[PDB]
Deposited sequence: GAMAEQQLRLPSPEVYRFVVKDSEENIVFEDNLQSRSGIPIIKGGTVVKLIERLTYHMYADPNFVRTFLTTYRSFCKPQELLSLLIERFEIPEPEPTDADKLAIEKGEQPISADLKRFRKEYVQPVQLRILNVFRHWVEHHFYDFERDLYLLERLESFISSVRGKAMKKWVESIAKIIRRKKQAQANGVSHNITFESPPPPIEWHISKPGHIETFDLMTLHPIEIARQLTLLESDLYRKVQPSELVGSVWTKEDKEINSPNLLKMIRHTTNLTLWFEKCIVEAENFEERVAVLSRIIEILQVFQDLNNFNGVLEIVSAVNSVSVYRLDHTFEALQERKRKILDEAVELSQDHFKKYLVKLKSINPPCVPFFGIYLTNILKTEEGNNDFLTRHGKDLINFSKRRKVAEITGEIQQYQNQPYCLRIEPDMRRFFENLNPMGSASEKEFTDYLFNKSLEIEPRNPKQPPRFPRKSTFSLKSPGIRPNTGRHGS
């Protein structure tokens, strides 16, 4: 009772459809009102509401806010919220005592709770922006409220821990012995699709893809930020994962189309299908669907002579993989739900589903007279991004082979060419090795001398 004037404290402007919109349904009957949208001011007010705690909103807000508000602006808004002016006196004590107990203290504790969640669950904002951390530490160090003391200490201890974990691998059971074929350790120059063991290609790619996947934060996906001007800052782990997928997909395509000799090309496709089967055995659906993407590419898809020459069992394994992707990944989604982790989900489908949600819902409930942020849109994207988290907790029981890891981290099939110049190259080479005519395929010689014979995908050294 008795708040500062809206003139001196922007939060306490009267709630209206000008500034805040709530769900009006059977769910929003009782409990905390559900926010559909608002001005950033009203979202901040509701994030730090005097009348009740809202942990669900705090969690969703700190996952999604970068799609409507910069980290620097969030910190400025929370400090603005904290600095509450005293109401205009009636004439000439008691009122101030209530205001401090019922309004100021609860709002200030709610802000310090937001700070605690922010540093606990989204410290990457501060790792990315040292000035943001300087502002935060300066502010929290200025807070002198007697009730604030345990909160400031809590925040300070989280920051100490977070900093210490940017300075400072452990098997729960024996991992399998590393498989070798023609290529030998420390002979990274001899490393090739066909000289490495297909088992160990699949294992080392799985460890690499698992590591990339486990580093992607939900906030790298919200607001389609990976396709926008601040993508390198908002989505650095997701961009690494996408660049990995592009490079590995184009590498598979390159290995096939550059195999000018028919027998070598069939052996290369056969070996990629063996790698696909080990990815399947490892629940690396990311790897499975990268090979599916390579085989459906325009330059490989048209190599009917090469596909028709496969062993029927290899063709069967490939057809079943290709089918996982058909009808909006219906069979993929069934398979993903049925498996025991560890697993590497196909990341492409989360991107597609977020792009569809981002393109299909307005960022704003309206920009006429105010920026009214569509929060319900962000709640929907956070439900999708939330699915990514359930498979980031279980590491693989596989030993890293550091030369193979370096080999796969440094795949550059495009060389110094554009992706478009590279894919035009692959298509023109595809037309050369299997022309658009009804004649038997051209007979080119092999340029490589390695045996085409697969060691197969039953562990040998495993023994």
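Unmodelled regions of the deposited sequence, numbered from residue 1: 1 to 7, 100 to 111, 188 to 192, 488 to 490.
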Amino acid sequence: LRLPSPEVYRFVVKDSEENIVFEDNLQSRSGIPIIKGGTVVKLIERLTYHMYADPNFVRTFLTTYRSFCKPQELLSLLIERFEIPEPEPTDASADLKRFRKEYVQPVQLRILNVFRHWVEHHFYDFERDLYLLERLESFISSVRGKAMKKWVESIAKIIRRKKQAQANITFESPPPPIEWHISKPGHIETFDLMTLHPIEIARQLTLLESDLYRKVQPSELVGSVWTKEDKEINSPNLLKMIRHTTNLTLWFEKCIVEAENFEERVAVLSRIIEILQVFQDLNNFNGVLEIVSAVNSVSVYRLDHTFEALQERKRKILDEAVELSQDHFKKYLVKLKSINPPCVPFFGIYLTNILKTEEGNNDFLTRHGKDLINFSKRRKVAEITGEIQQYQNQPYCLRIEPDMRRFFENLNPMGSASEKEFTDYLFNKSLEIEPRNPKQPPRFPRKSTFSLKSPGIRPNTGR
From here on, numbers count along this sequence of modelled residues.
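What we label the rigid core is the largest C-alpha set whose atoms superpose within 1.5 Å from one form to the other.
Displacement analysis by core superposition in 4 other deposited structures of this protein ranks 356 to 364 above the other of 356 to 364 and 336 to 344 in root-mean-square C-alpha distance from the shown form. The stretch that strays farther, by root mean square C-alpha distance over structures and residues in 4 other deposited structures of this protein after a rigid core fit, is 300 to 308, when 300 to 308 is set against 244 to 252. Compared against other deposited entries of this protein, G31 counts as often unmodelled, lacking coordinates in at least a third of those that resolve the residues around it.
Judged by the one-third criterion across other entries of this protein, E73, modelled here, is also modelled in every one of those that cover both its neighbours. As the entry records it, the average C-alpha temperature factor is higher for 385 to 393, out of 385 to 393 and 255 to 263. In this entry, 309 to 317 has the higher mean Cα B-factor, the comparison being between 105 to 113 and 309 to 317.
When the C-alpha B-factors of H368, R378, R81, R271 are read from the PDB record, the largest value belongs to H368. Take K215, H121, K146, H244 and read off each C-alpha B-factor from the entry; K146 has the highest. For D281, the recorded CA temperature factor ranks within the lowest third of the chain's modelled residues. Among all modelled residues in its chain, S297 ranks in the middle third by Cα B-factor. The deposited CA B-factor of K240 belongs to the middle third of values across its chain. Sort the chain's modelled residues by C-alpha temperature factor and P85 lands in the middle third, per the entry. Ranked against the other modelled residues of its chain, the C-alpha B-factor of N56 as given in the entry falls in the middle third.
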